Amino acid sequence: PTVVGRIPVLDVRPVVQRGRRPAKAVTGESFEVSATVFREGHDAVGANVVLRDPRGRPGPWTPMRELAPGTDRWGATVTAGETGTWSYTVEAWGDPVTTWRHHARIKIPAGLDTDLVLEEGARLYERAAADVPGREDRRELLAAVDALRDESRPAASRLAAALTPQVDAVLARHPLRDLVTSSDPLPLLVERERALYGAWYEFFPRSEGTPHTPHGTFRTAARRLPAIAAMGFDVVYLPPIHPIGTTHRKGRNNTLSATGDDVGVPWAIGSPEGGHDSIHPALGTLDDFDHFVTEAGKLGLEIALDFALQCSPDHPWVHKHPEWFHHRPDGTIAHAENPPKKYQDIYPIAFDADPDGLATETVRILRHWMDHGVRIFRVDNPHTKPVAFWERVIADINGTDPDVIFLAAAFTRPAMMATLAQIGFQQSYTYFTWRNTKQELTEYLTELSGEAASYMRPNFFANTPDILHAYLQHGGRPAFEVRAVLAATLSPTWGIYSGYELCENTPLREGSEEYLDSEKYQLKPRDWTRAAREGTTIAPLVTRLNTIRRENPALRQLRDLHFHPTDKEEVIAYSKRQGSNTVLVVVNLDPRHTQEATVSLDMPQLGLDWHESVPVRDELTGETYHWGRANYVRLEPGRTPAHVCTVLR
């Protein structure tokens, strides 16, 4: 057997780890399948993509086209349907009809061997007819055969009868394919829509209490859910909801010693009251948690829980499973580190004494929360547990419950980030918060929407409890507005951490990305009613962005994204498309100064002629403009962060 087939079809993409891991999609998502296809000699080739579903049923006829002249790189768009494990193949073939037409278009006018050329055509069309299933299609081709062979008609008329649009249609649907050659199947894992598309809101339930009981419960925190749904969110991410240790508990502002009433850090999980399968007693009971999940569900909100595989020193595991920790010669366990950050309140887990016990217990815990309606987990610090451990855990959970979504909070180096996505994490956090200039955004999004999209689905959190970027610190409310527009329009999944709406931007100190008086170490009551009354919240802009996303299918996908040039360093422009829906976005990245620029649209990329002019509506204001190849924009921080425009038809 030869590696290469009769008609070479090589290096089919997407591919992940050389075919050993699936490429990714979600239901309704379109992506490009490509390949290198060519043949020996000068005759034409064709190619097509056969996408097969979980029961092996092939999809529709999907012909490919050469993507750029001279490259022999071919492509076509496919669309994923129902969830499960799919496969895709590229078929390549000699295209004798195209070859014959090209010869005939030249030889018939020149008068060179014309009876012979037309007779060659007739025999091809005869072979074409025989392979066609439809009876009226077959009759069309046989009529062209007889016209080709009618030696009483002039040569140019006999030929023209084989080149009608009615004949082209039969052959475009059922072409004559010589020497059909297949690639080996590549795997595709199709997951639910929420894995790619959704808006996320993070808050601490304990902060939403009362004057008489400052520490919030699930019952009091449920009152926040209606406002979260009104801002157009789909997922509520809760920090750890378990008991919190007392030994080495941290105080306010990440000080080493907790005082009397200090609540500690939710990530320091475990006490005598319970571990990862228990509820913090100040939050309420498991029953109260069910009522919270039920109320969320009625508002169209899914709950995502933090899963943080680590322990306070008071966690039951410390004595029940000592072999799950690394001990030093004196018996002590070294607290976790991520230098120069120290985590004196927690122990990390060791994996090499009892890997089986840890995996068994991990999937038991996840299944417990799954039984109470949690179908999404934000996995804290996945990059400090072994990569193969997560691969096992995710395969075990998704083997019985393929709807469960895991989000990797992998704030680490690129290779680990990529690997975690490739071994099965449905979503990843990204370097988004550290991409603020036009060049940084353009480069990074070109990476995320290109090759990485076959294995990674990004979740653009504009802030997190650990990340208040200098851009927001120095820019104030106009910077919050810019980052919300960017996050919501550049990824189909974005999110914010509570307080973002209020433009909370006071850092711990200069050159830090921590918040002053961080919610991680203290209760943080906020006057939501007052901020709404006084207009000192950007909640309306957040709400409008989420409504724009819900109404424009182009913003519910990742891969179709193009950047259009402007003549100002501070102004960035881009478009996204999905069927007949086109969204065009222009953002002023300067939060202090007004910017005027000329935006020069690559018009072919919008499906339009260079000289054309199209109406657009800015969905932030309701204003209509008329934009063509070159358009003046004026963007004033505080009044207009950006234009977010739909192309009107």
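When you see a residue number, it is the position in the sequence shown, counting from 1.
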Looking only at CA atoms, which has the higher mean B factor in the entry: 477 to 485 or 257 to 265?
-> 257 to 265
Entry B factor averaged over C-alpha atoms, 542 to 550 against 103 to 111: higher for 103 to 111
Choose from 83, 157, 362, 207 the residue with the greatest Cα B-factor as stated in the PDB record.
-> 157
Among 517, 91, 202, 120, highest Cα B-factor in the entry goes to 120
Can you tell me which third, lowest, middle or highest, the CA B-factor of residue 526 falls into for its chain?
-> middle
Ranked against its chain, the third holding the CA B-factor of residue 621 | highest
Using the B-factor values recorded in the entry, state whether the Cα atom of residue 352 falls in the lowest, middle or highest third among the modelled residues of its chain.
-> middle
Compared with the other modelled residues in the chain, in which third is the CA B-factor of residue 606?
-> highest
Ranked by Cα temperature factor within the chain, is residue 24 in the lowest third, the middle third or the highest third?
-> lowest
